[PDB]
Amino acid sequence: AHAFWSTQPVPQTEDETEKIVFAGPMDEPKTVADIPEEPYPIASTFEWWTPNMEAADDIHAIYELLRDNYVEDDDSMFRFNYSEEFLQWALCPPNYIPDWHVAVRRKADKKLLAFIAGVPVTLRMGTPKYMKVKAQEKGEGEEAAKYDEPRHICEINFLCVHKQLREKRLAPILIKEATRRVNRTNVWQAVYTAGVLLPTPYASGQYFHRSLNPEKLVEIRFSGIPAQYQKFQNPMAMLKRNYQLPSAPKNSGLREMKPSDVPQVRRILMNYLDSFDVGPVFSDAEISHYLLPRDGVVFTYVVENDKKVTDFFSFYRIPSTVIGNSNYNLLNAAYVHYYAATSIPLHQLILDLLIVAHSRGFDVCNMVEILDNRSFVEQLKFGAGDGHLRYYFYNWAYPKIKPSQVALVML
């Protein structure tokens, strides 16, 4: 049934995942010297290509492939349109490895046909607290804590095959070649997400949406006027009134994050994330890169009281193409990124997120039910969407965990 994922080091079934108790590796311990030095064989009409993320043309090529061929919703109404500036930010974090961005081009015209990206991440991915306490009481704490130390692994995203090339087994060939390039750097684990079911997720979380411009959302059929809104005489006025937001933030200490905030945000974020079972570890340079405001890409606000940053939130932008709508070309979506609250309830901090997003012209705020994102769903008027984001490891045994125990936000 899975001609490719059968040949790979991942759990093969739910309830192998349900069985697993300790974190740890799957494949044979291997060495760099074992890995072929030559690229994986590919048909002679194609060629492997390592884009230069510092070249505007190369970024443009990847931008057009993804604009026309990347992720759609289940009804083919929307497709992500990541910007070139977003792709530059996502694909070139501190100490990125240029060789981990892998593409396939047609040799004759150099047309981009397929792409996959890997970047570094430092991830806590040892045994979950729940399996560790079981282990303690059963005598096995040492084996449980064996892989507690954050690991320098690969995070995979932006897998894409051109629509004209679909179901020709090109995605396996890409994943093989990315794995070879990563393994040649002496890295042996990857983390990735997908909105499809594959063998086998260690966590799954529902999508959630918060309407900011319900007029537009209904016009492009992201949303409907719910049946309940019919035995009111007036549908849309009532819908606007329901989702209306203040014009200005209500926390008085709120301002955009600036470079001098990097150490304190790093500290309050690391203290919050270290509570979850699977989560990233960031250096100052990675906090700067992923959280300092960048126009049209990432937006970050701190609450500063008496010169001390005590809370912050961030969100990132992905516009979606509205596939065949006359009136609207684009859906302008904000996605909740990292945050930390120490002085105010999380609902109060995220309200300010919604207020800034709406003021800056976003149409909806989207998120997955990871981190403590459930604690503000009802009071902030989020709704569950129709789908789940699934979390996976390559070469890592891991128990099934709840999504409220995951702290890795994917872009």
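Don't overthink the numbering: it's just position in the shown sequence, from 1. Here the rigid core means the biggest group of C-alpha atoms that line up within 1.5 Å when the two forms are laid on top of each other.
Averaged over structures and residues, the CA distance from the shown form in 9 other deposited structures of this protein after a core fit is larger for 232-240, of the two stretches 232-240 and 179-187. Greater average departure of CA atoms from the shown form, over structures and residues in 9 other deposited structures of this protein after a core fit, characterises 69-77 among 69-77 and 307-315.
Remark: stretch with higher mean C-alpha B factor among 347-355 and 38-46 is 38-46.
Taking only CA atoms, the mean B-factor in the PDB entry is higher for 121-129 than for the other of 121-129 and 156-164. Of the candidates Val302, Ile220, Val278, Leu212, the deposited coordinates give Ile220 the top C-alpha B factor. The PDB entry gives the largest Cα B-factor of the residues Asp363, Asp372, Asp27, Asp57 to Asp27. The PDB entry assigns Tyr96 a C-alpha temperature factor belonging to the middle third of its chain's modelled residues. Residue-level temperature factors show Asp68 in the lowest third of its chain, judged at the C-alpha atom.
Placement of the Cα temperature factor of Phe115 within the chain: lowest third of the modelled residues, per the deposited record. Sort the modelled residues of the chain by CA B factor and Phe80 lands in the lowest third. When all modelled residues of the chain are sorted by CA temperature factor, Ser320 is found within the lowest third.
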